[PDB]
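The sequence shown begins at 4 in my numbering and counts up by one. Since the structure comes first, as structure tokens, the remarks are kept for the end.
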Amino acid sequence: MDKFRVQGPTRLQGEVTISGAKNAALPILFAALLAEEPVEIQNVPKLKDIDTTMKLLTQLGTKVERXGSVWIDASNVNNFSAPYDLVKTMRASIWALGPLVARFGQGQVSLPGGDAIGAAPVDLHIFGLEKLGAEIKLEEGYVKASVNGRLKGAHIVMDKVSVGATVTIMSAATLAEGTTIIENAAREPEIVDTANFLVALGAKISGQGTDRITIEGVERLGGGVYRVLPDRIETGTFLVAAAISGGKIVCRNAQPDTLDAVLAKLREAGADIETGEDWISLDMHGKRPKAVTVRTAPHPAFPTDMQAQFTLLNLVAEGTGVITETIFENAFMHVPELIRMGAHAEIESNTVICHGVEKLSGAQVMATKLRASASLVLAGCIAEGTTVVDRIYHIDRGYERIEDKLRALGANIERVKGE
């Protein structure tokens, strides 16, 4: 079980190449089940969930192989069931359902369960599939779907914005007879990416990125090559790394338009930002950041996934700032950790009041979730002395060897194995 040992302080500066977004690669990989011809998915990160997905696809009869790309040949899918053993660690497995029933008229996915009635994300997926005409059975620890003939286009109104269900409905609708309109659709850049992938295969989709997506069903989907978009949260994390350390960083393989709110917030904190077609640069000029006000909200507003990083920024900024969380409740476990490192903060309901200090001090801190976790590593980089971040498996789930990227930026960081 790994930990990170970090020696600070170190200015984070230089260049970093942003990885493809896991959250776009996953739905695209599942959508490839719809493809009749070979597909090459480029820019796919090397993360556990990708491996799990490859294994799942293979179980269905898909030919799969990987490097930076993942090659999928779903021409011969011949099994329509995703078993317990293969789905247990990954809820995104539900994404196999829609493509299977849309293309083959049948599909089933194991449901580990555990969610309280009324707190089951699968519900929205089932809702959408039923709207499309599928018959759904909950039995034998599975969610089973079937339809005689083609799914049928429908006007669907989502009662809650769900990235997961939006992908299931959009994907399955590409092979339905008629037009499907998804009202209250999720707007995430990852949704736009998946839609663009589908269109590259021959689908007819419009409205992606807005609250209303319209899909005109087609007979079949083909194949080809598609490049997954950059990870916007990873980009944000590296931008913040330079912002809190007086550095200058250039993020390569980036997509500026997915980060409007984040860039604008960084500007407020005093950063000098430049953008290009596929890059973003941030320069602090050796200066300490200025405190800012942050309010999380649905895309394209400030992302909840950048909250911890901005909290850290405020904690070492000049002035007093407030971070308000409107999406996820209780997303503040990183705060007591930071306070152990010398930060000054008060948690008040759904907000964190930040009193910026000049320098942090190293400490033994614990990761307990992805973002707050990467934030702890960043704090270690700029803190005085030695910091040990425990439970880094959290970070590993969402960042491709973050220590390597940080090292290239000047960090003194070591992955400690305990051997």
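The beta carbon of each residue, even a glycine, is placed where N, CA and C say it ideally should be.
A direct Cα-to-Cα measurement between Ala272 and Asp286 gives close to 11 Å. Restricting attention to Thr92, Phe33 and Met93, the CA atom closest to the CA of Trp74 is found in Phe33.
In the three-state DSSP reduction, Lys134 falls in the helix class (H, G or I).
Relative to the Cα of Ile216, the nearest Cα in the group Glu186, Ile252, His347 and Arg298 belongs to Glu186.
Assigned with DSSP and collapsed to three states, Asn317 falls in helix.
Membership of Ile194 in any beta strand (DSSP E) is not indicated; the residue belongs instead to the alpha helix (DSSP H) covering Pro192 to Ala203.
DSSP, read as helix, strand or coil, puts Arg418 in strand. Taking the Cα positions, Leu315 is about 13 Å away from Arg343. By a beta-carbon distance limit of 8 Å, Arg8 does not contact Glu332. Their separation comes to about 33 Å. Taking the C-beta atoms as reference points, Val112 is found nearer than 8 Å to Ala85. Rounded to whole angstroms, the separation of the alpha carbons of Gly136 and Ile252 is 51 Å. Its chain contains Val19 as the residues whose beta carbon lies nearer than 6 Å to that of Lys408, once the 5 sequence neighbours on both sides are disregarded; these appear in chain order. Cβ atoms of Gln10 and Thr389 come within 8 Å of each other, at about 6 Å. The beta carbons of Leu59 and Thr171 sit no closer together than 8 Å. Residue environment for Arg106: buried (at least 16 other C-beta atoms within 10 angstroms of its C-beta). A straight-line Cα-Cα distance of about 19 Å links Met161 and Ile120.
Take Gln367, set aside five residues on each side of it, and the residues of its chain with a beta-carbon closer than 6 Å to its own are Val391, in chain order. Residue pairing by DSSP places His158 opposite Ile184 in a beta bridge. By the beta-carbon neighbour count (other beta carbons within 10 angstroms, threshold 16), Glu143 is exposed. DSSP places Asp76 in the uninterrupted beta strand (DSSP E) bounded by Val73 to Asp76.
In the DSSP assignment, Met369 falls outside any alpha helix (DSSP H) and within the unbroken beta strand (DSSP E) covering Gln367 to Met369. By alpha-carbon distance to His158, the top candidate from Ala122, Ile218 and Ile139 is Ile218. Rounded to the nearest angstrom, the gap between the Cα atoms of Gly17 and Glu280 is 19 Å.
Approximately 6 Å separates the beta-carbon atoms of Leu262 and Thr238; this is inside 8 Å, confirming the contact. Around the Cβ of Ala35, a 10 Å sphere holds 16 or more other Cβ atoms; the residue is buried. Closest option to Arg69, judged by alpha-carbon separation, among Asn79, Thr55, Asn81 and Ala346: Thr55. In the three-state reduction of the DSSP assignment, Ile350 falls in the strand class.
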